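> Structure for this input, please:
(3 chains)
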Amino acid sequence: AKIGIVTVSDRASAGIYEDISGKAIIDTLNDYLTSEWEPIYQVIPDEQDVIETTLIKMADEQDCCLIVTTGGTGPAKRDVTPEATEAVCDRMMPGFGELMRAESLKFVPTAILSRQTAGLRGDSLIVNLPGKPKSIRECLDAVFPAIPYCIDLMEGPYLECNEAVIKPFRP
Amino acid sequence: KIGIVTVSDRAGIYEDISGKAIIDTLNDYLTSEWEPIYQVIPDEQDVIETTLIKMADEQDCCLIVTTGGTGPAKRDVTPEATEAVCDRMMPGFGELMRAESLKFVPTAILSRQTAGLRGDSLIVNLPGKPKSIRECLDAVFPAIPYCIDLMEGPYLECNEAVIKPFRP
Amino acid sequence: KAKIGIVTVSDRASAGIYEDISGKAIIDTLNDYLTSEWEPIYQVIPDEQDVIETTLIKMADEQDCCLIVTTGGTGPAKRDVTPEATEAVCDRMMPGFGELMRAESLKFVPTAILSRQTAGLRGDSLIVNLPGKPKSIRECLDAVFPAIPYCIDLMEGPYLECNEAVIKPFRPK
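Numbers count the residues shown, from 1 in each chain, chains lettered A, B, ... in the order given. See the structure here:
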């Protein structure tokens, strides 16, 4: 089981900020999973071609059953993570953005400003998350319960979870 | 006249709990006469497109409902075929169907179901499981008789005691 | 100074006689909200996709409207092309807006799912499709306007200020 983790951010990629977002993803997936898995981690600038390049590499060459991104989903000019995700996917999963936004609105009205989306590239699920750790955990909690079954639907690795933390639904 | 399309990758002879749940629900809803135009077909994007086109253009179905071919596997190509034959999409349908379906089947977020209009016909993608089909229709049908009204199609009447459609 | 575009999309309102309650309702609502100075950039136009595009383009690009709200032309009838025009002039969509407006309208009217309104960015201008009824205009705006001043700060635009007794915008520290 390989899961990709992409932090998208000029400042985090500069070695300016410490990367609290990519931290929260790895730590969350660690609380979630009891099966064996391998984190493939990268921090990259707000550059669309680079986002597209690094998603293709993880999915095509490294067999990530799942890639999660953080950053680059708001209305700022340089936020292009969703455009990059749309470009490298062959089909979109509109239910992910819908739910992540609906959950985040329990917290902040500005949840409607995220353009986060999800889609499939071959047998890889790609899911965009926002920058803030608290939002990361809340987005993953909303959406993760359905991810293992998605992977099984494309005959990928059988992800098993610590059920006291996250409960995967398999019909 | 309502079209019902089962998109499955079997192989026709089997009982089809998807199609009958659609027929049963429409039967509970409506107090006016209607004719189901039923087809089962493979998940081949051409065959789905062809079927939808025939029901809308040639057979004049006011509503066409699909079940199947809407999930994440590569072969699930129902939403693709629906966008192919429709000239305008209705984003509200999918949002509401997923948001009601996921109250019970958390994996409803994996559905790529959508809806749109081909000329005057409304096409709606539904999921495979009967209980989900019923949830999806309970959420959206209250809008459908008005929508058909605006397409100057037939005036569908409901048993107000099972479902209350809105006519502003 | 904030410039806000208001576009009324109606064959019959632009023919002229035939006064525009729905654009007035939008301007009224924005005055209810704002305590900071703004200018409304207002136009009434026909249900014609090329005229809609041309208007949205001028407002965003020449008139430097930081927010543009449209009213009319988002139902299932084939002459309703405001969403098509909006999609054509925007570089990226804001799907949170359509989702929420429809979910807020569903509280009142089952038929909110027939609405095709959307929202998007053209450069640094936000464009939002509103419904036609004055009361629905107010309910859609109450739902989305709390995100809009922060959205505009993120686009390096003017700092909008609100009357908190009326509307509470979130800006994260």
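
> Could you pull out the helices in chain A for me?
For chain A, helices defined by DSSP state H occupy the ranges A:10-13, A:20-32, A:48-56, A:81-88, A:94-104, A:133-143, A:147-153.

> Determine the set of other helices and strands touching the fourth one.
In this structure, helix A:81-88 makes packing contacts with helix A:48-56, strand A:118-121, strand A:124-129, judged by 3 or more CB pairs under 8 Å, 6 or more residues apart in numbering or on different chains; DSSP states H and E. The way it works is simple: take the backbone N, C-alpha and C, and place the C-beta from them, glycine included.

> Output the ones you listed in a markdown table; the columns should cover distance to residue A:150 and mean neighbour count.
Listed next are those as a markdown table, based on distance: least, CB to CB, whole Å; neighbours: other CB atoms under 10 Å in any protein chain shown:
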| stretch | distance to residue A:150 | mean neighbour count |
| --- | --- | --- |
| helix A:48-56 | 17 | 18 |
| strand A:118-121 | 8 | 23 |
| strand A:124-129 | 6 | 26 |
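
> buried residues in stretch A:58-72?
For stretch A:58-72, the buried set under the neighbour-count rule, 16 or more other CB atoms under 10 Å in any protein chain shown, comprises A:58, A:59, A:63, A:64, A:65, A:66, A:67, A:68, A:69, A:70, A:71, A:72.

> Kindly indicate which of these lies nearest chain C.
Lowest distance from chain C to the buried residues of stretch A:58-72 (CB to the nearest CB) belongs to residue A:72, with 11.7 Å.

> Distance of the residue nearest to that closest one when sequence neighbours are not counted relative to chain B?
Sequence neighbours aside, residue A:81 is the residue nearest to residue A:72 in space, at 3.1 Å (criterion: CB to CB, 6 or more residues apart in numbering or on different chains). Distance, residue A:81 to chain B, using CB to the nearest CB, to the nearest Å: 19 Å.

> what about residue A:81, how many neighbours?
28 (other CB atoms under 10 Å in any protein chain shown).

> give me the residue from chain A nearest chain C.
Among all residues of chain A, residue A:112 sits closest to chain C, at 3.0 Å; criterion: CB to the nearest CB.

> Give me the nearest residue to that residue, chain neighbours excluded.
Using CB to CB, 6+ apart and skipping the chain neighbours, the partner closest in space to residue A:112 is residue C:96 (3.0 Å).

> Nearest the geometric middle of chain A, what residue?
residue A:68 (2.1 Å; CA atoms, centre = their mean).

> Pairing partners for it in the sheet, please.
On the basis of DSSP bridges, residue A:68 takes part in beta bridges with residue A:5, residue A:127.

> residue contacts, it?
When contacts are counted by CB atoms under 8 Å, 6 or more residues apart in numbering or on different chains, residue A:68 touches A:3, A:4, A:5, A:6, A:25, A:29, A:126, A:127, A:128, A:129, A:140.

> same thing but 6 Å
Going by CB atoms under 6 Å, 6 or more residues apart in numbering or on different chains, residue A:68 touches A:5, A:25, A:127, A:129.

> One more: residue A:82?
Applying CB under 6 Å, 6+ apart, the residues contacting residue A:82 are A:73, A:115, A:117, A:128.

> next one: residue A:73
Applying CB under 6 Å, 6+ apart to residue A:73 gives the contacts A:79, A:81, A:82, A:114, A:115, A:116, A:128, A:130.

> May I ask you to confirm that the fourth one is in contact with residue A:131?
No. Look at residue A:114 against residue A:131 with CB atoms under 6 Å: they stay out of range, at 9.5 Å.

> Now chain A against chain B: closest residue?
For chain A, CB to the nearest CB, closest residue to chain B: residue A:95, 3.4 Å.

> For burial, what's the neighbour tally of that residue?
Counted with other CB under 10 Å, residues neighbouring residue A:95 total 25.
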